[PDB]
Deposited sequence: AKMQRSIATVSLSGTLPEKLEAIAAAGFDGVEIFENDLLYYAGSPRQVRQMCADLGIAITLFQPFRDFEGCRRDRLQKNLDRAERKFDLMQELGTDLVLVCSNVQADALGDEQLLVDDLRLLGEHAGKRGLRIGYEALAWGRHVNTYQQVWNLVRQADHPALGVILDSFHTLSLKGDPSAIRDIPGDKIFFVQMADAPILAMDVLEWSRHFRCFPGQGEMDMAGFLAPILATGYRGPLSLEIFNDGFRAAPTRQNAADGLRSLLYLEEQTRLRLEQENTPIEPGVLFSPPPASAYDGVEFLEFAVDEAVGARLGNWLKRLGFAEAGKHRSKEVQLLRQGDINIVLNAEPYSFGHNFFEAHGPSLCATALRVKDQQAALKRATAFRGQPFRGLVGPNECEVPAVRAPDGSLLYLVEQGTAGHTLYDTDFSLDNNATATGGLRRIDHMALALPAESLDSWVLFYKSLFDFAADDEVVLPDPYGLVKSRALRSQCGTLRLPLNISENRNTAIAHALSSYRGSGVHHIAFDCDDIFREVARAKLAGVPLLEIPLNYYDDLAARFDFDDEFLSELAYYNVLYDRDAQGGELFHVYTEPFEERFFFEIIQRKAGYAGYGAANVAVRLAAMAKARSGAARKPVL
């Protein structure tokens, strides 16, 4: 049996009924009622209980209860009166567990034995009424700020109605070691809150307030936190606590769906962690979906265009060395080919592509991925509740299965590969006299520009459905995020698109939304490709002289070599282990995506992010 999956209402926006319906619709079993949400709900606490019963979700926790233990003695009775009022509220809600977070007042008492007495006294009051106290350490607690101190006090208090509540952010934000959790009896842990976050050198209170996200969307080791918990035997609720609102307008349903998806992904990654530490868990507890299929890069890119822009984009691609490999037999679809790169120009009207073109302009409407096990990829995407389309169904006009990406675009699952004959020999009339005119060989990486508010959802989408991994770089902007398939054949850097309201505020007139940021092709000889591309009319960028003067003062290489780089407008980067990067950029194709040609030498593995400022300055002069 799976654990009771819950989520705190503070993790969503909207009215309390809207949150509860979204939580149930996403497949959660339980919900933490955040007290402030009750305060704004016009109905009664018992009406909340009725809503949860009607929706089939349990109220697994009421929270929070602040600053109890160690407050001044002449207010102790007043704090107990407040506890009794919360007890009254919980019995109308139909829940039996309340979270008590450690005291934050500056004048709070810190004597260990006094805290033991206060916590046991609260446990006695809760136990008398048939309720339970879960004690949580805030990372900024005045006297108690770690789970170790919580267990120390809970153990000494020794009351069955008083237990430990664990919060992954409060422990991992202080770089706490979760290993000692295994020494806590499983039945003394009452509740587990999972919360991920980026690692920031920030005040932990503000860090917790604004940057909590779902497991897998940050850079904390979630599985390494849950693994010691499950080793204790604990099988209680597994929950999520993010602090959103009241700013501003967070999609309730998609946030709830992402939350459940993140718990499914957390369970699998936690299960794998236990298997690798030779302490596996009994089957049937942790989500165990099909492993992701292996990948062999991109099968083809599908662009949504009309006949005018599609011909213009096709011209760009022959100047970049692509051959016209042939036209679709019945549709207005052109195939272009170079090396292992296949690009499909879809100009067929009244179709999935045509809608995408009208909705976004010239854009990438689909990507076919080379997968070794097509059915494994499809079943895993379905297990993580992506939307599949069997072939020739809905927007999927291919015969292989497709997975819907968070926007409208599709991901085709193409299994190699026949030989007589492929996917192209069947639907296209291939000109067996094409041959490309350049030496671009494969798609090395492809960057997306995404809205800031949707990027974490895309990150979780690729991490869970396709088992991608983080691939970030620290270099103004220091950090640029990217994802990567396990074996590196697929690489997906992710940039932040400009909002519409800033395009209005700065009175622009050139605003294109989100979509492909750029597509990068590799080659053997950067100079041979630049020469052919520049002469064929590709609008490659002009790099100022001061850039190459700077390379002279820093790298110290052959003088005859650097003057060639300056003449060929080639940009340069070098790692610490002698690997080198040679890459050039084109201007944006009609104010959207641009192209990149790279040469990787002696194991260079980065993206040349050090040259982004130089690229932006070059594109600026237009």
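Stretches of the deposited sequence left without coordinates are 476-480, 628-637, in sequence order.
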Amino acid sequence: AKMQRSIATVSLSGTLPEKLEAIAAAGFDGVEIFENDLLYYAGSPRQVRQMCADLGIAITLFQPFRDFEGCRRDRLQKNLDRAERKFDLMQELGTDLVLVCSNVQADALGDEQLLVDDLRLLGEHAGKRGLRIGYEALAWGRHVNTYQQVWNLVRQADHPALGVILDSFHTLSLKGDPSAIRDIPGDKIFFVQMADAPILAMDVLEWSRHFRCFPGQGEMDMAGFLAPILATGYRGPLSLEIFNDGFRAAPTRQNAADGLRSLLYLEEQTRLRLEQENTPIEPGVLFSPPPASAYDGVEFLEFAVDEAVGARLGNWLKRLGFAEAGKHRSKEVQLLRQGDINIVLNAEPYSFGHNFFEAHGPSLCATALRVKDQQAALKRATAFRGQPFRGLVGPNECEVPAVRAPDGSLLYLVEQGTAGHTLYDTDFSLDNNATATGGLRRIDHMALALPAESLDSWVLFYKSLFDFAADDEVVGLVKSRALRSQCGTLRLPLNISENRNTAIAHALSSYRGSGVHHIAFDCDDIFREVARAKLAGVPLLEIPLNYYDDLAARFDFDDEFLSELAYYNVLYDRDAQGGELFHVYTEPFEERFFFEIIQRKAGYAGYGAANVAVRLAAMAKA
From here on, numbers count along this sequence of modelled residues.
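When the C-alpha B-factors of 28-36 and 576-584 are averaged, 576-584 comes out higher. Remark: stretch with higher mean C-alpha B factor among 547-555 and 381-389 is 547-555.
If you compare the C-alpha temperature factors of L562, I597, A58, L61 in the entry, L562 comes out highest.
Across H159, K188, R404, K479, the entry's maximum B-factor at the CA atom is seen for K479. In the PDB entry, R370 places in the middle third of its chain by CA B-factor.
Among the modelled residues of its chain, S13 has a C-alpha B-factor that falls in the middle third according to the deposited record.
The deposited CA B-factor of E529 belongs to the middle third of values across its chain. Sorting the modelled residues of the chain by their CA temperature factor places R312 in the middle third. Per the deposited record, the Cα B-factor of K331 falls in the highest third when ranked against the other modelled residues of its chain.
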